Every structure is written in C-alpha cells, then in structure tokens.
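Heads up: the structure comes next, in structure tokens.
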Amino acid sequence: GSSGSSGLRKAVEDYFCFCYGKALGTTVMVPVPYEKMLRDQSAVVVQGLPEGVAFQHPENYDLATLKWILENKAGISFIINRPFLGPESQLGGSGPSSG
C-alpha cells in the first residue's frame, strides 16, 4: 500500500502528496507528479518554501531543510492552475498479474 509515518524524508513526501490530493479535491493521497511539475511548472505552483529553495525532491533537501519544510509546512500550499495533458488514464484497481 501507500503508507508514511516514520522517517522525515518520507514524511515530507507523504505530506506533499496530501497537499496535491487536497488541491485535486480528493480524499486520498496523490503521487506528486514531479517529472511533470519539474518539466513544466505551468500545472502546479508551489507557495510556502524557504528562500532560494525549490519544490524539488525532498530526498535532496538537507536534514535541516526537510525539518524546515515540516516546521513550515503549514505555509506550504500547492497553488493549482490547471491539469496536465498527455496520454494517461490508469484504472482504479490493483491486482497480482501472474505471468
């Protein structure tokens, strides 16, 4: 499944999602499409970050920053502007594919 409680880096990730999910208007967690945002920032905007700090993967953020983001997450907000484009649907359901 998709859990996230222990650890910091993850926590930051588990959070960022909750945001996107809260922005999307869902009641679950969404996998922040970094590659997307990274590639083009004309989809989702980031607000509430530290000076001279992007929303880049947290895995990079220094143990300090990571804690910073968390210490200033209430300020972090995903300013949605528009959805993404391209071939992608993904059905809602998981199953063990044998073979």
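Cβ atoms come from the backbone with ideal geometry, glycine included; neighbour counts cover every protein chain shown. Quick note: the coordinates plus some simple rules give every number you see, no bench work behind them.
Treating only the Cβ of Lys, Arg, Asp and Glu as charged (+1, +1, -1, -1), what charge dipole size does the chain show about its Cα centre? Round to the nearest 20 debye. Mind showing how you got there, number by number?
Working: 8 positive and 9 negative charges, 37 e Å.
With only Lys, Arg, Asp and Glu charged at Cβ, the dipole is about 180 debye.
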Query raised in the report: Given H placed 1.01 Å from N in the peptide plane, which residues other than close sequence neighbours of residue 77 have an amide H under 5 Å from its amide H?
Result: 47, 48
Query - Relative contact order for the chain, counting Cα pairs under 8 Å that sit 6 or more residues apart, in percent - result: 29 percent
Query raised in the report: Rounded, prolate or oblate: which fits the chain, taking a ≥ b ≥ c as square roots of the Cα gyration tensor eigenvalues, rounded meaning a/c under 1.5, else prolate when a/b beats b/c?
Result: oblate
Query raised in the report: Which residue, 77, 89, 42, tops the fluctuation ranking in a GNM of the chain built on C-alpha contacts under 10 Å?
Result: 89
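Kindly provide the helix-only [θ] at 222 nm of the chain, computed as the sum of -39,500 (n - 2.57) over DSSP H runs of four or more divided by all residues, to the nearest 500 deg cm²/dmol?
Numbers: 3 runs with 31 residues, N = 99.
About -9500 deg cm²/dmol.
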Query raised in the report: At residue 73 and residue 35, where each label point lies 7 Å from the Cα along Cα→Cβ, what is the point-to-point distance in nanometres?
Result: 2.6 nm
Query - Hits among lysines - C-alpha to C-alpha of residue 67 under 23 Å, sequence gap 8 or more where chains match - result: 10, 22
Query raised in the report: Within the stretch 54-97, what residues put their amide N at less than 18 Å from the label point 7 Å along the Cα-to-Cβ vector of residue 28?
Result: 88-97
